[PDB]
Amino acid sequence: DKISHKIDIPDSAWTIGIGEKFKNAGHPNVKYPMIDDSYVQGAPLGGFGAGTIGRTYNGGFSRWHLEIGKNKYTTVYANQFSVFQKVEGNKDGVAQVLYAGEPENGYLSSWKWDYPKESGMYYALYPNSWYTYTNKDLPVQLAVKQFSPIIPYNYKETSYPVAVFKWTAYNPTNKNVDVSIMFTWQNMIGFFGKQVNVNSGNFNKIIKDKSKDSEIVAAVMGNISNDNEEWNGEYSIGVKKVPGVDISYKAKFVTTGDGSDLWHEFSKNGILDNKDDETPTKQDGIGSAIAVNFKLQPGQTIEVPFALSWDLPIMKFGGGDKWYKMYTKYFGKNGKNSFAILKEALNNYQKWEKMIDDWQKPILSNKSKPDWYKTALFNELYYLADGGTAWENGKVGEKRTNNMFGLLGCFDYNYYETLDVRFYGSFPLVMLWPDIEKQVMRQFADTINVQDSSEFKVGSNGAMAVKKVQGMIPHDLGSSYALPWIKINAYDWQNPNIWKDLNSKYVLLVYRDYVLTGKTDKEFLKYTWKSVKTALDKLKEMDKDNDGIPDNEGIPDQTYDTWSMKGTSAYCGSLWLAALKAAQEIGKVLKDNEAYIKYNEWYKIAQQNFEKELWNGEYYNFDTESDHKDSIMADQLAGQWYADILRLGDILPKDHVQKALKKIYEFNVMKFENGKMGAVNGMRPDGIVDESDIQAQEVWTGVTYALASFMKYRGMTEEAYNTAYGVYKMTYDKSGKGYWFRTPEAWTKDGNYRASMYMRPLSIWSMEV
C-alpha cells in the first residue's frame, strides 16, 4: 500500500477490507418480519431530501432510498467503476470491475467481476468515504474519495442529489503504465414509481461542455416523456478533464445483455468508441459509460474528478400527495437539470471538501478524545440523509415561506419525526442545522389543537380510540405510506393521546432549541408559547391522586411502548418536573407572570412528592405501583439530563443524582455482559436483568448515548465513555454485530437486534453540547 500516503484519510475513519466476510453478524430478534439487509453496507451518497444511494464497502450501488421513505436493497450491477492497466512493453493489459462480487444471472457476463480479497480497503468518516486498490496485478495503485456536500449551517448544497468521486492514481513501479478509469451507470428511469413499460422511452445523450480551461463530458440518462411524475427525471454521470488525461465515452450499452458491446472496447486499450446514440429503448435496459485514459510515468501522481447526479424532482407518498424536493429551489422543478447539478459539483468539489474539513476539524484535532468516539460521532450522522428524509419545496399543483421537513424514526416503524424518539435523535439538527430543527418544532406546535374524532383500532389491545385529541402532542407527523405532514398519528400500536411523555418532551424540545441556539430567538418562543401552556395544562389533568404529577395507567403509555408504568414513574415524572421548570423560564422571558407563578407552584409540589415517592437511598424507583417498581431503570432521570442541557439547574438533589448514575453504571452497564454492550434498560436490585418485558432486557442505543452525555456533564468521564464504548463496539468493531450504517434501536444480550436504521442513536451528539 503506497497510495495511502498520497491521500488524506483520517485515523478515525471506520475501515474494512474490500471483499471482507464478516462472521459475527446479528439478525432481528422479533417474531414478525423485520428488515435485515446484511452487513454489506456503506456511507450514503446524496443530500437531505434528495433521495440517497448506499454504496457498500464492496463497491456496489446497493441500498436505494431514492423512493422517499422506502428502503430497497438490491445491487444494480451495471453501476460501477472499472480499471484498465497496461505496462509499456507488454502486449496485453488487464481490465477489472472494482466490485467484490458478480451478478446473479447472465447479464454483463463479459465483464471481469470478483475483485479479489486482500487487495484494497474501504474507509468511512461521514460524509466522506474512500476506497484504496492495492492489487498485485495492478501496478498503478488507485484510491477514490467520494462524498456529498453535507455542511452544517448550509441549507443549499446540503440538499443536492449529487456525489463526487475524486480519484488519485500513483505509479510506484519503474515502468510507464497506461491507465483507464471508467464509470458505468444504468439509465434507472423506471427503477421505481412506474407501473408498466419500465424501460420504455429511456434514452441517453452526451453533453460536451467546453469553455476555456474547462472540459466536462457527461452522459444524461432520461426519458423521452415530459410527464411530471415521481418516476421521471434524469441521472447523469461525468468527468472533468485535467492535464494529462483524455476522455472517452459510450452513450448506449445494453444492461440486459452480456455487456460485451462496451467491455470489448474497454478491455482492449481502455478507450471507448465515442459513439453518441439517442435512440430510445423499448424493453431492454440501457446505460452509459464515461472513461479517462492517461499514461503514468514512474513516481507520477494524477488526480481526476468524476460525479454522479440525479434529478428526480417529485416525491410521492402512498396517500397520493406529490411534493417537490428541496433541491428544486436551486435547479428547477422540470426534471431536466441533472447536467446543471453535475457541473456545479465538478466545478466546486474542492471548495466543498474544504467546507467539510472546516466543520470536522474542531473535533478531529481535539486529541483528548479517542478515535473510536470520533468514528461514531461522525458516522452516526449517516442517518440524517439515510432516514427517509423528506424536505418539500411545494405541493405539486400549488408558494409558502417555509419548507416542511421530516426524518423517519425508522423504516420498520415508518413514522415521520416520532417525537418520543426525536427527544433523543434531534441533537444533530439543533446543533448543526437549527433552521430545520425550529421548522420541525413549529410543525408540532401547529398540531397541538388539531382534533380528529375518527377512530382507529389500537394494536396492543384491540380497543378503539380517537385519532387525535385537542391539546395532546402527536406521536408523529404521518407515514411515507400515507400522508406526511397532513395526516398525523400514523402510529397505532398504542394510543399516543394518553401518553405521559409526549407533552413534556415537546416542551423540553422547545426550550432546548431556544437555549442551544444562543437564547436569542424570542420569536420562536412566542410562536410556540400557547402550545407549551396547553400541553402542560392537559397533562396535569392526568394526575389521578392529586400528588401534582401525571399517573402512568398500568399500560405502556410512553416511549417504552411494551413496558408498563403505573403511578408516578421516574421517567415520566422527571420529564414532567423538567418541563415545568422550562415553562417557568419561558414565562419569565416572555413576561407571562401568571404562567411563571402557576408552573412554579406545580413544580414545587411535584418535586417534593417525586422525591418522597421514589427516592430509596441509592436510586430512584422505576415507579410507585408496578410489580417490579424497584427496578433500576437506565433512563430514570431523563428529565434531569435535559435540565443539565437546558441549564435549568437541579430539579433533584445533586447527591441523589450522582448516586443514581453510579448505580446505573454499576448495575445496568457493568453487570450486563461485562459493560461491553451499553446500558440494559431494566435491572433488578439483585443484579439480574428485569424480565417483566422485552424492553427491560434490551439495550437502547440512543438511551445509552444520552446516558453517556448525562454522565459526562456530571463529571463521570470514565463512566460516560465506557458506557458509550459498548455501543460503538457492537456497531463498528470486528468483535461487534455488524451494524455499521444501520444502527438499530436495540439489542438483547445475544447481540441480535430490533429495528435497524434508527433515529434515536443520533443522541451521541448530546455528548458534544
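The first residue of the sequence shown is number 1, and the count goes up from there.
Engineer: According to the entry, are there none, 1 to 3, 4 to 9, or 10 or more residues of the deposited sequence without coordinates between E398 and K399?
Structural biologist: In the record, 1 to 3 residues between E398 and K399 lack coordinates.
Engineer: Of the two stretches 217-225 and 535-543, which shows the higher Cα B-factor on average in the entry?
Structural biologist: If you average the C-alpha B-factors of 217-225 and of 535-543, the larger mean comes out for 535-543.
Engineer: Higher mean Cα B-factor in the deposited model: 180-188 or 448-456?
Structural biologist: 448-456 has the higher mean C-alpha B-factor.
Engineer: Among the choices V87, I290, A582, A638, identify the one whose CA B-factor in the record is greatest.
Structural biologist: Of the candidates given, the C-alpha B-factor peaks at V87.
Engineer: For the C-alpha B-factor as written in the entry, point me to the maximum among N204, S626, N393, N154.
Structural biologist: Answer for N204, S626, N393, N154: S626, with the highest C-alpha B-factor.
Engineer: Select lowest, middle or highest to describe the third in which the CA B-factor of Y324 falls within its chain in this entry.
Structural biologist: Answer is middle: the recorded C-alpha B-factor places it there.
Engineer: Within this chain, which third does the Cα B-factor at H27 fall in: lowest, middle or highest?
Structural biologist: Middle third, going by the recorded CA B-factors of the chain.
Engineer: Relative to the other modelled residues of the same chain, rank the CA B-factor of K505 and answer lowest, middle or highest third.
Structural biologist: Lowest third.
Engineer: Tell me, lowest, middle or highest third: where does the Cα B factor of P44 rank within its chain?
Structural biologist: Lowest third, going by the recorded CA B-factors of the chain.
Engineer: Divide the modelled residues of the chain into thirds by Cα B-factor and specify which third, lowest, middle or highest, holds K367.
Structural biologist: Middle third - that is where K367 ends up once the chain's C-alpha B-factors are sorted.
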